[PDB]
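First up is the structure itself, then whatever we jot down about it.
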Amino acid sequence: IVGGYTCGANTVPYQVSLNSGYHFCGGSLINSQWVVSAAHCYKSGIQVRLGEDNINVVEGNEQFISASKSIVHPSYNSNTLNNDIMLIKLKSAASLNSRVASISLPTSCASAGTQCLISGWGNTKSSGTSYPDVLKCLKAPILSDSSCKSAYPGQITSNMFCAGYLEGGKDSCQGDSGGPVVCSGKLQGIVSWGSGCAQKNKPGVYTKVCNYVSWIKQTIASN
Ligand SMILES: [Ca+2]
């Protein structure tokens with residue numbers, strides 16, 4: 001997260017870190033045994049880390065649970081990043097509490113102008129490289145489809161939306177991938193892509209979660 005703030009320990013209780021020897025992506029806990037992340041975060045040997053603030057220090061509220069399976073969206077295209085969504089099942093159910101909690105799926109899509117919370121352990125520099133140990137947060141509005149398409153001609157599908165600031169300086173970034181965009185207590189987006197980070201006229205692009213609710217529910221129901 002570039003231009004954000006320190007969230008505070010366990011203030012974003014649905015935020016998970018995906019770890020394969022090291023943090024490589026974010027995710028969102030949507031029930032006791034399932035996480036939603038980006039399809040471009042797919043790999044084998046994933047451990048889901050819940051209850052994290054400082055990802056380098058054991059602080060006492062963590063639960064570390066290996067993934068039993070991952071399910072990348074059947075229509076994910078890694079070139080265009082269309083359908084950039086994946087489900088991860090935990091080997092055992094997380095113990096839910098005030099600091100480890102699921103986030104609700106949308107019942108309807110969020111509109112341009114809606115304020116959302118984006119979070120992660122990604123790079124905090126737009127030019128340099130600096131990875132924080134503690135969770136970073138950014139409040140950012142969803143942008144209009146027209147402004148999103150104008151920013152990224154030929155690249156915005158019906159399964160994507162832009163959020164952030166056309167002026168630059170405030171954005172998600174590398175390492176935030178797969179993490180949540182939560183608006184009015186609903187998971188509306190997944191950190192997917194962007195051209196650099198926090199660059200003028202290049203806002204963050206996010207997977208439009210409301211398009212996948214039926215797939216998520218049906219997949220969970222049979223797996
Ligand atoms: Ca920790």
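Computed from heavy atoms alone, side chains included, the values below leave out hydrogens, waters and symmetry copies. Each residue takes its place number in the sequence, starting with 1.
Here the side chain of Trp121 pairs a donor or acceptor atom with the backbone of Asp53 at under 3.5 angstrom. Between the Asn82 side chain and the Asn159 main chain, no donor and acceptor come within less than 3.5 Å of each other. No side-chain donor-acceptor contact under 3.5 Å links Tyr152 to the backbone of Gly194. Put simply, the side chain of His40 never gets that close to the backbone of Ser78: no donor and acceptor are under 3.5 Å apart. Without hydrogens or angle criteria, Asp176 side chain to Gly122 main chain gives a donor-acceptor distance under 3.5 Å. Between the side chain of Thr11 and the main chain of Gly8, a donor-acceptor pair closer than 3.5 Å is present. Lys202 places a side-chain N or O within donor-acceptor distance of the main-chain N or O of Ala151, the cut-off being under 3.5 Å. For the pair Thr124 (side chain) and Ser130 (backbone), a donor-acceptor distance under 3.5 Å is present. Although no hydrogens or angles enter the test, the distance criterion places a donor-acceptor pair under 3.5 Å between the side chain of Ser150 and the main chain of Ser146.
Here the side chains of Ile216 and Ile85 are in contact, with some heavy-atom distance below 4.5 Å. The shortest distance between side-chain heavy atoms of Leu87 and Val35 does not fall below 4.5 Å. The side-chain heavy atoms of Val2 and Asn123, taken from C-beta on, include no pair separated by under 4.5 Å. Side-chain atoms of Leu135 and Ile1, non-hydrogen and from C-beta on, never get closer than 4.5 Å to each other. Inter-residue side-chain proximity for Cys148 and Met160 is flagged as unmet; no heavy-atom pair is nearer than 4.5 Å. Residues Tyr131 and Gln174 have side chains in contact (heavy-atom distance under 4.5 Å, counting atoms from C-beta outward). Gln15 has its side chain within reach of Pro180: a pair of non-hydrogen atoms, C-beta onward, lies under 4.5 Å apart. Side-chain contact between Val100 and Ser95 is absent, with no heavy atoms from C-beta onward closer than 4.5 Å.
Residue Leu117 holds its CG atom at 6.5 Å from SG of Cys7, rounded to the nearest 0.5 Å. Summarising the geometry, atom NZ belonging to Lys125 is positioned 12.0 Å from atom SG belonging to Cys173; distances are rounded to the nearest 0.5 Å. Note that OG of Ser104 is 9.5 Å distant from CG of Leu187, once rounded to the nearest 0.5 Å. Rounded to the nearest 0.5 angstrom, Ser108 OG and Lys186 NZ are separated by 9.0 Å. Here the CD1-CD distance, from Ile103 to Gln188, works out to 10.0 Å after rounding to the nearest 0.5 Å. Note that the NZ atom of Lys139 and the SG atom of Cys137 stand 9.0 Å from one another [nearest 0.5 Å].
Remark: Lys43 is positioned above the aromatic ring of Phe24, its terminal NZ or CZ atom under 6.0 angstrom from the ring centre and at most 45 degrees off the axis. Cation-pi geometry between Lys208 and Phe161 is not met: the NZ or CZ atom fails to fall both under 6.0 Å from the ring centre and inside 45° of the normal.
Residues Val209 and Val181 fall into different hydrophobic clusters, defined by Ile, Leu, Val, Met, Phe, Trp and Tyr side chains chained together at heavy-atom separations under 4.5 Å. Taken together through direct or relayed side-chain contacts under 4.5 Å among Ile, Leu, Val, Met, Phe, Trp and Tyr, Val205 and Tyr76 form part of one hydrophobic cluster. Residues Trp34 and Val182 are members of one and the same hydrophobic cluster, defined by side-chain heavy-atom contacts under 4.5 angstrom among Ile, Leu, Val, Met, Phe, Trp and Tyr. Using a 4.5 Å cut-off between side-chain heavy atoms of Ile, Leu, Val, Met, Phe, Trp and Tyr, with links allowed through other members, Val58 and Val134 fall into different hydrophobic clusters. The hydrophobic cluster containing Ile55 does not contain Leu50, counting ILVMFWY residues as joined when their side-chain heavy atoms lie under 4.5 angstrom apart, directly or transitively.
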I would like to know whether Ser144 and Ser147 meet side chain to side chain donor-acceptor pair (under 3.5 Å); could you show each step before the answer? CA-CA 5 Å; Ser144 67; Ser147 72; 3.0 Å; yes

Assess whether side-chain contact (heavy atoms from CB on, under 4.5 Å) is satisfied between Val191 and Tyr206, documenting all intermediate values. CA-CA 5 Å; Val191 180; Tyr206 301 91; 3.9 Å; yes

Evaluate the side-chain contact (heavy atoms from CB on, under 4.5 Å) criterion for residues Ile142 and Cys183: first the C-alpha distance (whole Å), next the side-chain angles of each, then the deciding distance (0.1 Å), finally the verdict. CA-CA 9 Å; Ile142 296 178; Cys183 326; 4.2 Å; yes

Could you please spell out the steps behind the side chain to side chain donor-acceptor pair (under 3.5 Å) verdict for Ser17 and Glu52? CA-CA 7 Å; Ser17 168; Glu52 288 281 16; 5.7 Å; no

May I have the step-by-step check of side-chain contact (heavy atoms from CB on, under 4.5 Å) for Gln199 and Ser126, ending in yes or no? CA-CA 7 Å; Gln199 303 300 114; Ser126 54; 3.7 Å; yes

I'd like to know whether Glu59 forms a side-chain contact (heavy atoms from CB on, under 4.5 Å) with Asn61, so could you lay out the CA-CA distance, the side-chain angles of the two residues, the decisive distance to 0.1 Å, and finally the verdict. CA-CA 6 Å; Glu59 301 183 287; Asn61 291 298; 5.9 Å; no

Side chain to side chain donor-acceptor pair (under 3.5 Å) assessment of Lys136 paired with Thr6: CA-CA 5 Å; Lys136 297 289 179 171; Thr6 296; 2.8 Å; yes

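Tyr212 and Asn83 are linked by a side-chain donor-acceptor pair at a separation below 3.5 angstrom, with hydrogens and angles left out of the test. In summary, the side chains of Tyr42 and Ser37 do not present any donor paired with an acceptor at a separation below 3.5 Å, with no hydrogens or angles considered. A side-chain N or O of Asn223 and one of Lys69 form a donor-acceptor pair less than 3.5 Å apart.
Tested against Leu81, the residues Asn77, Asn79, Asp84 include a single side-chain contact (heavy atoms from CB on, under 4.5 Å) partner, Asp84. The residue from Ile156, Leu143, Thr157 that alone fulfils the side-chain contact (heavy atoms from CB on, under 4.5 Å) condition with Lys149 is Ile156. Put simply, the residue from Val16, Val36, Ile71, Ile46 that forms a side-chain contact (heavy atoms from CB on, under 4.5 Å) with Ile88 is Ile46.
Classified by interplanar angle (parallel below 30°, tilted 30° to 60°, perpendicular above 60°), the ring pair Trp215/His73 is tilted.
The heavy-atom pair separating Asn211 from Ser158 by the smallest distance is ND2-O, 2.9 Å. Contact detail for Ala39 and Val72: the closest heavy-atom pair is CB-CG1, 3.7 Å. Listed here is the closest heavy atom pair of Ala163 and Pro203: O-CB, 3.9 Å.
Heavy-atom neighbours of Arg49 CZ from other residues, nucleotides or ligands within 6.0 Å: above the threshold of 12.
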